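Heads up, the thing below is written out as structure tokens.
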Amino acid sequence: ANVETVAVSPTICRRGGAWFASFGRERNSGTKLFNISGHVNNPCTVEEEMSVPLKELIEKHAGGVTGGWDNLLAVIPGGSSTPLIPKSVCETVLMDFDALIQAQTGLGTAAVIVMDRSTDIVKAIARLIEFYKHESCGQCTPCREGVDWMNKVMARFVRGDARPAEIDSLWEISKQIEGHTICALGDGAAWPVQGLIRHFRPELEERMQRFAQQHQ
Amino acid sequence: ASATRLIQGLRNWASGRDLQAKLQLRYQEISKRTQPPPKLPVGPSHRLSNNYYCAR
Ligand code: SF4
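For the record, the sequence lines run as chains A and B.
Using the numbering used here, the first residue of the first sequence is number 1, and each one after it goes up by one.
Using the numbering used here, the first residue of the second sequence is number 1, and each one after it goes up by one.
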């Protein structure tokens, strides 16, 4: 059992029956920590309702996004096992499990962090894949070999050293890793690569175009 | 070719085909050997993210 579930477990018994479900929606309900790190003014952790709008979460408890609300590029909830959310989606979507599944991103644990317009999101996600290469065992051949390919391919996409058939093959391998492992670290290595290919396709195209125009 | 006129005329007269233009000795339209090196194309395979072998 997780420490949040254990720590909430005495107050459920000593306080009212189903009073905990008076916070938010009906299925996914209660209070949750939200941890807002990254490119926000005064990054911190708070307790809030489970159901809460994301813009109110970011602005009204932890400063503001550096340079106004319009300066942010993307927001990853959950942490490293969740695909990203572009700005036009996170203008509306609240912080619930089923709502983020309707936005096709599995909510992890509370790591609602942002990344700025002036930051290489390809570099950040490639370093996140280097994190998964550093911390993963090697029982399964799929996550081992696939995290190997995804790290080498994301390094080549940071340098922009390929052609768009390679980014389609990255989509193919990120389909093939997910759902064929022991644990959820393989699926968690497959999701953010999928979210990057879903949402920030033309920036990868621009990077590879820049490297082609310079190398040629 | 490169023969004189009289035996050319007797070849043309003993067989009326005007034999000089087509005579089956190849002189200049032998294909020039040591051609430039070729790049060979690849057909409907090798396209990434569709080549599941279960399909074909
Ligand atoms: S998928 Fe999980 S259990 Fe399998 S080798 Fe990778 S980290 Fe280990």
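Just so you know, even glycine gets a beta-carbon here, dropped at the ideal spot from N, CA and C.
Given 7 Å as the limit, tell me if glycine 179 of chain A has its C-beta closer than that to any heavy atom belonging to the ligand SF4. Result no, Cβ not under 7 Å from the ligand SF4.
So what's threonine 31 of chain A in DSSP terms, helix, strand or just coil? In the structure shown, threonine 31 of chain A sits in a strand (DSSP, three-state: E or B).
Pick out every residue whose C-beta is nearer than 7 Å to a heavy atom of the ligand SF4: which are they, in chain order? The answer, residue by residue, is A/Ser136, A/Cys137, A/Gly138, A/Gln139, A/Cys140, A/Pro142, A/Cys143, A/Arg144, A/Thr181, A/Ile182, A/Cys183, A/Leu185, A/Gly186.
Under 7 Å between beta-carbons, which chain A residues line up against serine 49 of chain B? List them in chain order, please. Below the 7 Å Cβ cutoff, chain A contributes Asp168, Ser169, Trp171, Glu172 as neighbours of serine 49 of chain B, in chain order.
Determine the chain B residues that contact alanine 165 of chain A at a beta-carbon separation under 8 Å, and present them in chain order. Listed along chain B are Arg47, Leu48, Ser49, each with a C-beta nearer than 8 Å to that of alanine 165 of chain A.
7 Å CB neighbourhood of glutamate 47 of chain A in its chain, flanking five on each side removed: Within the same chain, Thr31, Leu33 come within 7 Å of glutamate 47 of chain A by CB-CB distance, once the 5 residues on both sides are set aside.
For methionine 208 of chain A, the first and last residue of its enclosing alpha helix (DSSP H): According to the DSSP assignment, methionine 208 of chain A belongs to the alpha helix (DSSP H) that extends over 201-215.
Does the distance from the CB of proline 83 of chain A to the CB of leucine 107 of chain A come in under 8 Å? The Cβ atoms of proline 83 of chain A and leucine 107 of chain A do not sit closer than 8 Å to each other.
Can you list the beta strand (DSSP E) stretches of 3 or more residues lying completely in the segment 46-89 of chain A, in chain order? Runs of the beta strand (DSSP E) lying entirely within the segment 46-89 of chain A and spanning at least 3 residues, in chain order: 72-76.
Beta strand (DSSP E) containing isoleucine 113 of chain A: first to last residue? Residue range 113-116 is occupied by the beta strand (DSSP E) that includes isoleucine 113 of chain A.
Look up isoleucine 36 of chain A in the DSSP assignment and say whether it is helix, strand or coil. In the structure shown, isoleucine 36 of chain A sits in a strand (DSSP, three-state: E or B).
Does the separation of the CB atoms of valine 122 of chain A and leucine 204 of chain A fall below 8 Å? Closer than 8 Å, so yes.
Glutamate 130 of chain A versus A/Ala111, A/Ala189, A/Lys60, A/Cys44, residue with shortest Cα-Cα distance: When the alpha-carbon of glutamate 130 of chain A is set against those of A/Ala111, A/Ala189, A/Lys60, A/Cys44, the nearest one is in A/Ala189.
Using 8 Å as the threshold, is the C-beta distance between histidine 39 of chain A and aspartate 116 of chain A below it? A contact, by the Cβ cut-off of 8 Å.
Whose C-alpha, out of A/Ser136, A/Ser80, A/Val114, A/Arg207, is nearest the C-alpha of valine 158 of chain A? Measuring C-alpha to C-alpha distances from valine 158 of chain A to each of A/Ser136, A/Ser80, A/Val114, A/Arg207 identifies A/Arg207 as the nearest.
Straight-line CA distance for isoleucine 12 of chain A to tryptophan 19 of chain A? In this model, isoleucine 12 of chain A and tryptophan 19 of chain A are separated by some 8 Å (Cα to Cα).
I believe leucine 54 of chain A touches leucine 94 of chain A by the beta-carbon criterion, under 8 Å. Please report the beta-carbon distance rounded to the nearest angstrom. Their Cβ separation, rounded to whole angstroms, is 7 Å, which keeps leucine 54 of chain A and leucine 94 of chain A in contact under 8 Å.
I'd like the list of long-range same chain contacts for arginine 156 of chain A, defined as Cβ closer than 8 Å, with 5 residues on each side in sequence excluded. In chain order, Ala162, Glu166 place their CB closer than 8 Å to the CB of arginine 156 of chain A, counting only its own chain and leaving out the 5 sequence neighbours on each side.
From A/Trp69, A/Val147, A/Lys175, A/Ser88, pick the residue whose C-alpha is nearest to that of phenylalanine 200 of chain A; which is it? Of the listed residues, the one whose Cα sits closest to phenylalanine 200 of chain A is A/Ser88.
For residue 75 of chain B, the residue or residues it bridges with in DSSP: Nothing can be reported for residue 75 of chain B: it is not among the residues displayed for chain B, which extend from 1 to 56.
With burial defined as no fewer than 16 other Cβ atoms inside 10 Å of the residue's Cβ, what is the status of residue 223 of chain A: buried or exposed? Because chain A here runs from 1 to 216, residue 223 of chain A falls outside it and cannot be looked at.
Nearest residue (CA-CA) to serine 29 of chain A, options A/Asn41, A/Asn151, A/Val8, A/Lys133: Among A/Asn41, A/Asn151, A/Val8, A/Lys133, the Cα nearest to that of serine 29 of chain A belongs to A/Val8.
Hey, out of A/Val114, A/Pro142, A/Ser136, A/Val147, whose CA is closest to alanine 126 of chain A's CA? Residue A/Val147 is the option with its Cα nearest to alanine 126 of chain A.
In whole angstroms, give me the CA-to-CA distance for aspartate 70 of chain A and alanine 184 of chain A. Answer to the nearest angstrom: the Cα atoms are 34 Å apart.
Let me make sure I understand the geometry here. Which of A/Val6, A/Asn35, A/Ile177, A/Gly17 has the alpha-carbon closest to that of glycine 79 of chain A? Checking every option, the nearest Cα to that of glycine 79 of chain A belongs to A/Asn35.
Going along the chain, which unbroken runs of the alpha helix (DSSP H) with 4 or more residues stay wholly within the segment 141-182 of chain A? Assignment of alpha helix (DSSP H) within the segment 141-182 of chain A, counting only whole runs of 4 or more residues, yields 141-158, 164-177 in chain order.
Short check: CB of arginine 26 of chain B to CB of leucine 19 of chain B, under 8 Å? In this structure, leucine 19 of chain B does not lie closer than 8 Å to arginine 26 of chain B by Cβ.
Any idea which residues DSSP pairs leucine 94 of chain A with across the strands? Under DSSP, the beta-bridge partners assigned to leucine 94 of chain A are A/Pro53.
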